[PDB]
């Protein structure tokens, strides 16, 4: 029948310096796209974009199941200054950009 | 055009103890199933099972895109004693079980 397997977890990330370039984010202000390039796969991460009046104007969850480029579509946004906030249990990422 | 957005990452996980029950592993020796229950979503993780001669008898990548239970079928395996090893860039997990 069904039995618990006693496991031990070694969180190597807690003793391993992280690559400053694990994530590279770009904005294309012509096509109104955000491009997120992950060097390795990663846990799902929530992406929020906030305007100058603190309105959340875009929210999505990205599933980086493989290394490579993930695109987010910001076509519905006005021009202006935006804050990018990405988060999950492991990391919080902040940046700013203009459309 | 396309412009780099400077981002600052805060790796919360590097300074935060992780719930020892983040992952619960079970084995059903009748159905020859391994069951992996994640409390939260997680990065893709490689699952390897080794026999007493250290032959790798099962190897697969799991994609824990949502919290919940993931099942792996071990029908190819003999009755016997096995070592479990699961790993990605962030964690290594070890346990042992019987079929």
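Chains as they are written, first to last, in our numbering: chain Z, 1 to 99; chain X, 101 to 199.
C-beta: ideal position from N, C-alpha, C; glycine also.
Requested in this report: For the beta strand (DSSP E) containing residue 95 of chain Z, list its first residue and its last residue.
Outcome: The residue given as residue 95 of chain Z occupies position 95 in the first chain. First-last of the beta strand (DSSP E) with residue 95 of chain Z: 92-98.
**Report entry** residue 66 of chain Z burial status per 10 Å Cβ neighbour count (16 or more: buried)
**Finding:** For this step, residue 66 of chain Z is matched to residue 66 along the first chain. Residue 66 of chain Z comes out exposed.
**Report entry** Buried versus exposed, by CB contacts within 10 Å (16 or more), residue 82 of chain Z
**Finding:** Here residue 82 of chain Z corresponds to residue number 82 of the first chain, with the count starting at 1. Answer is buried; the Cβ neighbour count reaches 16.
Query - residue 62 of chain Z in three-state terms, based on DSSP - result: Reading the first chain from its first residue, position 62 is the one you call residue 62 of chain Z. Three-state result, residue 62 of chain Z: strand.
Requested in this report: Leaving aside the five residues before and after residue 63 of chain Z along the sequence, list all residues of the same chain whose C-beta is less than 7 Å from its C-beta, in chain order.
Outcome: One-based indexing of the first chain puts residue 63 of chain Z at position 63. Cβ neighbours of residue 63 of chain Z beyond the five flanking positions: 44.
Query raised in the report: For residue 52 of chain Z, which three-state DSSP category applies?
Result: On the first chain, residue 52 of chain Z is found 52 positions in, with the first residue counted as 1. Note: residue 52 of chain Z maps to coil in three-state DSSP.
Report task. Buried or exposed for residue 103 of chain Z, please, with buried defined as at least 16 other CB atoms from any protein chain shown within 10 angstroms of its CB. Result -> This structure does not reach residue 103 of chain Z, given that chain Z is present from 1 up to 99, and the question cannot be answered.
**Report entry** Inter-stretch contact (C-beta, 8 Å, three-pair minimum) for the region 144-161 of chain X and the region 104-120 of chain X
**Finding:** no
Report task. Quickly, what does DSSP pair residue 68 of chain Z with across the bridge? List them, please. Result -> Sequence index remark: in the first chain, residue 68 of chain Z carries index 68 (1-based). According to DSSP, which records beta bridges pairwise, residue 68 of chain Z is partnered with Z:38.
Query raised in the report: Around the C-beta of residue 79 of chain Z, are 16 or more other C-beta atoms found within 10 angstroms, so that it is buried, or is it exposed?
Result: By one-based count along the first chain, residue 79 of chain Z stands at place 79. By the 10 Å Cβ count, residue 79 of chain Z comes out exposed.
**Report entry** Beta carbon proximity, residue 62 of chain Z to chain X, threshold 8 Å
**Finding:** Translated into positions along the first chain, residue 62 of chain Z becomes position 62. Judged by the 8 Å Cβ criterion, residue 62 of chain Z is not in contact with chain X.
**Report entry** Per-residue burial, residue 95 of chain Z [other beta carbons within 10 Å of its own, 16 or more giving buried]
**Finding:** The sequence position of residue 95 of chain Z within the first chain is 95, counting from 1. Label assigned to residue 95 of chain Z: buried.
Query raised in the report: Buried or exposed: which applies to residue 31 of chain Z, given that a residue is buried once 16 or more other Cβ atoms fall within 10 Å of its Cβ?
Result: The residue you call residue 31 of chain Z lines up with position 31 of the first chain. Burial call: exposed.
**Report entry** Cβ neighbours of residue 185 of chain X in the same chain (closer than 6 Å, five flanking residues each side left out)
**Finding:** Here residue 185 of chain X refers to the residue found at position 85 when the second chain is read from its first residue. So the list reads 148 and 194, once near-sequence residues are dropped.
Requested in this report: Would you decide whether residue 90 of chain Z is buried or exposed? Buried here means 16 or more other CB atoms lie within 10 Å of its CB.
Outcome: Against the first chain, residue 90 of chain Z aligns to sequence position 90. Buried, by the Cβ-count rule.
Report task. Spell out whether any CB of chain Z is found under 8 Å from the CB atom of residue 126 of chain X. Result -> What you label residue 126 of chain X is simply residue 26 of the second chain in a count that begins at 1. By this cut-off, residue 126 of chain X is an interface position.
Query - Residues near residue 126 of chain X by beta carbon distance below 6 Å, same chain, minus five either side - result: Counting from 1 along the second chain, the entry for residue 126 of chain X is found at position 26. Answer for residue 126 of chain X: 135, listed in chain order.
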